[PDB]
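Student: Just dropping this structure here.
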Amino acid sequence: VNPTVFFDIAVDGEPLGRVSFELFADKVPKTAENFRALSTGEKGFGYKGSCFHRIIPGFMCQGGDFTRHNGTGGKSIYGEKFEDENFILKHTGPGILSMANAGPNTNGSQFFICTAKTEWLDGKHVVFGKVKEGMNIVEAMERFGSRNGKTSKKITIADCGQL
């Protein structure tokens, strides 16, 4: 029943590979639906063509700022921001998909893919999915990151949608 969406990743416009995600619509339906719709672009805006602006190896990959490309933008399908839906699910290890935010109830479109267990984020960031296929591709992306998060090459979402 839970939806699966994919990102096709490019590095300086060179294809890298495909990452797919299971979204936990059974446990966080509002947050899952935002990401699903941003991935298909069915509301008229979304993730296609956007970059991962912050990648810290041994920590996370962060993206979803499709309006300013640097961590200061983005918007949800519900408006500029929406509430923290629940914190049922925890940051248990690599492959977890969690919402970036700027305080309580400030979810937009930014998300991160954890590449480590990040338990200190539990109860503060809404977990809403997990990598299903292509974790090896996330690991390859990680290698273009750095300690301060700047990427050495431009890591983009070349295509995305629902499988």
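Letters A, B, ... go to the chains of the structure tokens in the order shown; residues in each chain start at 1; ligands are counted from 1 in the same order.
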For range 95-103 of chain A, list every protein, DNA or RNA residue within 7 Å, evaluated using only C-alpha atoms, and leave out those in the same chain fewer than 5 positions away; present the list as an mmCIF file with N, CA and C atoms, in the first residue's frame.

Tutor:
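Written output follows (selection_35.cif):
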```cif
data_model
loop_
_atom_site.group_PDB
_atom_site.id
_atom_site.type_symbol
_atom_site.label_atom_id
_atom_site.label_comp_id
_atom_site.auth_asym_id
_atom_site.auth_seq_id
_atom_site.Cartn_x
_atom_site.Cartn_y
_atom_site.Cartn_z
ATOM 1 N N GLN A 110 12.366 20.554 2.295
ATOM 2 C CA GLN A 110 13.718 20.025 2.539
ATOM 3 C C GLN A 110 13.725 18.776 3.389
ATOM 4 N N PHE A 111 14.622 17.859 3.037
ATOM 5 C CA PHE A 111 14.656 16.529 3.633
ATOM 6 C C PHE A 111 16.097 16.119 3.714
ATOM 7 N N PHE A 112 16.366 15.102 4.514
ATOM 8 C CA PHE A 112 17.672 14.515 4.449
ATOM 9 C C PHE A 112 17.584 13.028 4.482
ATOM 10 N N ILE A 113 18.601 12.461 3.839
ATOM 11 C CA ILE A 113 18.818 11.020 3.805
ATOM 12 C C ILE A 113 19.981 10.753 4.756
ATOM 13 N N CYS A 114 19.716 10.067 5.862
ATOM 14 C CA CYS A 114 20.748 9.757 6.835
ATOM 15 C C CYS A 114 21.671 8.690 6.295
ATOM 16 N N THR A 115 22.962 8.858 6.564
ATOM 17 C CA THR A 115 23.945 7.861 6.179
ATOM 18 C C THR A 115 24.595 7.272 7.422
ATOM 19 N N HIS A 125 12.740 15.858 14.352
ATOM 20 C CA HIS A 125 12.580 15.792 12.889
ATOM 21 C C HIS A 125 11.666 14.601 12.603
ATOM 22 N N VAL A 126 10.678 14.829 11.738
ATOM 23 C CA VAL A 126 9.699 13.799 11.371
ATOM 24 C C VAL A 126 10.282 12.796 10.350
ATOM 25 N N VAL A 127 10.423 11.550 10.792
ATOM 26 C CA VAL A 127 10.817 10.423 9.922
ATOM 27 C C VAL A 127 9.633 9.925 9.083
ATOM 28 N N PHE A 128 9.795 9.831 7.763
ATOM 29 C CA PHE A 128 8.656 9.514 6.923
ATOM 30 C C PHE A 128 8.935 8.515 5.806
ATOM 31 N N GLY A 129 10.173 8.032 5.703
ATOM 32 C CA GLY A 129 10.516 7.061 4.684
ATOM 33 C C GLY A 129 11.865 6.404 4.896
ATOM 34 N N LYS A 130 12.219 5.523 3.965
ATOM 35 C CA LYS A 130 13.504 4.832 3.970
ATOM 36 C C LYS A 130 13.899 4.481 2.546
ATOM 37 N N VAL A 131 15.198 4.492 2.287
ATOM 38 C CA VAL A 131 15.733 3.948 1.051
ATOM 39 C C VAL A 131 15.390 2.468 0.939
ATOM 40 N N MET A 135 20.821 2.151 -2.074
ATOM 41 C CA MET A 135 21.608 2.712 -0.995
ATOM 42 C C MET A 135 23.058 2.883 -1.432
#
```

Student: Do a neighbour search on range 82-84 of chain A at 7 Å with only C-alpha atoms, toss out local chain neighbours closer than 4 positions, and write the hits as a list in words.

Tutor: residues 78, 104, 105, 106, 107, 108 and 126 of chain A

Student: Write the residues you've just listed into a file as a PDB file, in the first residue's frame, and include N, CA and C atoms for each of them.

Tutor:
```pdb
ATOM      1  N   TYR A  78       1.177  22.242   1.012  1.00  0.00           N
ATOM      2  CA  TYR A  78       0.169  22.781   1.929  1.00  0.00           C
ATOM      3  C   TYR A  78       0.363  24.267   2.217  1.00  0.00           C
ATOM      4  N   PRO A 104      10.017  24.007  15.701  1.00  0.00           N
ATOM      5  CA  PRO A 104       8.738  23.293  15.717  1.00  0.00           C
ATOM      6  C   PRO A 104       7.770  23.718  14.617  1.00  0.00           C
ATOM      7  N   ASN A 105       7.174  22.739  13.954  1.00  0.00           N
ATOM      8  CA  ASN A 105       6.121  22.990  12.963  1.00  0.00           C
ATOM      9  C   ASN A 105       6.516  23.903  11.821  1.00  0.00           C
ATOM     10  N   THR A 106       7.693  23.622  11.244  1.00  0.00           N
ATOM     11  CA  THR A 106       8.209  24.407  10.137  1.00  0.00           C
ATOM     12  C   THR A 106       8.673  23.541   8.971  1.00  0.00           C
ATOM     13  N   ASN A 107       7.983  22.426   8.760  1.00  0.00           N
ATOM     14  CA  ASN A 107       8.286  21.571   7.618  1.00  0.00           C
ATOM     15  C   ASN A 107       7.930  22.257   6.295  1.00  0.00           C
ATOM     16  N   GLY A 108       8.813  22.107   5.300  1.00  0.00           N
ATOM     17  CA  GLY A 108       8.574  22.637   3.962  1.00  0.00           C
ATOM     18  C   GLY A 108       8.771  21.545   2.934  1.00  0.00           C
ATOM     19  N   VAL A 126      10.678  14.829  11.738  1.00  0.00           N
ATOM     20  CA  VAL A 126       9.699  13.799  11.371  1.00  0.00           C
ATOM     21  C   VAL A 126      10.282  12.796  10.350  1.00  0.00           C
TER      22      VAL A 126
END
```

Student: Could you name the residues that touch residue 2 in chain A at 10 Å or less, counting only C-alpha atoms, but leaving out those on the same chain fewer than 5 positions away, as a PyMOL selection string?

Tutor: chain A and resi 22-27+29+32+129

Student: Taking the backbone alone, and naming residues the way the document does, which bits of range 98-162 of chain A are strand (DSSP E) by DSSP, as a PyMOL selection string?

Tutor: chain A and resi 98-99+111-114+127-133+155-162

Student: Which of range 11-57 of chain A counts as helix (DSSP H, G or I) under DSSP, as an MDAnalysis selection string please?

Tutor: chainID A and resid 29:40

Student: Find the residues near residue 19 in chain A: any atom within 8 Å, counting only C-alpha atoms, skip ones fewer than 5 places away on the same chain, and give them as a tab-separated table (two decimals) with C-alpha atoms, in the first residue's frame.

Tutor:
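Result file is selection18.tsv:
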```
chain	number	residue	atom	x	y	z
A	6	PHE	CA	12.51	7.32	-7.24
A	7	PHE	CA	15.22	9.90	-7.81
A	8	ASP	CA	17.61	9.58	-10.73
A	9	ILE	CA	20.83	11.28	-9.58
A	131	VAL	CA	15.73	3.95	1.05
A	132	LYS	CA	14.41	0.79	-0.58
A	133	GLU	CA	16.85	0.42	-3.48
A	134	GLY	CA	20.07	2.14	-4.38
A	135	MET	CA	21.61	2.71	-0.99
A	137	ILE	CA	24.05	5.23	-4.92
A	138	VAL	CA	23.52	7.30	-1.77
```

Student: From the set A:161, A:85, A:79, A:4, which residue has the shortest atom-to-atom contact distance to residue 47 in chain A, counting only C-alpha atoms?

Tutor: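 Of the candidates, the smallest distance to residue 47 in chain A is held by A:161.
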
Student: Do you know which residues are at most 8 Å from residue 5 in chain A counting only C-alpha atoms, after dropping those on the same chain fewer than 5 positions away, and could you put them as a PyMOL selection string?

Tutor: chain A and resi 20-23+36+39+160-163

Student: What would the file look like if the residues just selected were written as a CSV table (one decimal), in the first residue's frame with N, CA and C atoms?

Tutor:
```csv
chain,number,residue,atom,x,y,z
A,20,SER,N,15.6,4.6,-4.9
A,20,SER,CA,14.2,4.6,-4.6
A,20,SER,C,13.9,4.6,-3.1
A,21,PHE,N,12.7,4.9,-2.8
A,21,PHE,CA,12.3,5.2,-1.4
A,21,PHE,C,10.9,4.6,-1.2
A,22,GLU,N,10.7,4.0,0.0
A,22,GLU,CA,9.4,3.7,0.5
A,22,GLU,C,9.0,4.8,1.4
A,23,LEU,N,7.7,5.3,1.2
A,23,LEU,CA,7.2,6.4,2.0
A,23,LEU,C,6.2,5.8,3.0
A,36,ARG,N,5.7,12.7,-1.8
A,36,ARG,CA,5.2,12.0,-3.0
A,36,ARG,C,4.8,13.0,-4.1
A,39,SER,N,7.6,14.8,-5.7
A,39,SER,CA,8.4,13.9,-6.5
A,39,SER,C,7.8,13.7,-7.9
A,160,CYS,N,12.6,12.3,-11.4
A,160,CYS,CA,12.0,11.7,-10.2
A,160,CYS,C,10.5,11.5,-10.5
A,161,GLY,N,9.9,10.6,-9.7
A,161,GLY,CA,8.5,10.2,-9.9
A,161,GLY,C,8.1,9.1,-9.1
A,162,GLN,N,7.0,8.5,-9.4
A,162,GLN,CA,6.4,7.4,-8.6
A,162,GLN,C,6.5,6.1,-9.3
A,163,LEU,N,7.1,5.1,-8.7
A,163,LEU,CA,7.1,3.8,-9.2
A,163,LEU,C,5.9,3.0,-8.6
```

Student: For CA of residue 70 in chain A and CA of residue 3 in chain A, determine how far apart the two atoms are, in Å to one decimal place.

Tutor: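 Between CA of residue 70 in chain A and CA of residue 3 in chain A the gap is 27.9 Å.
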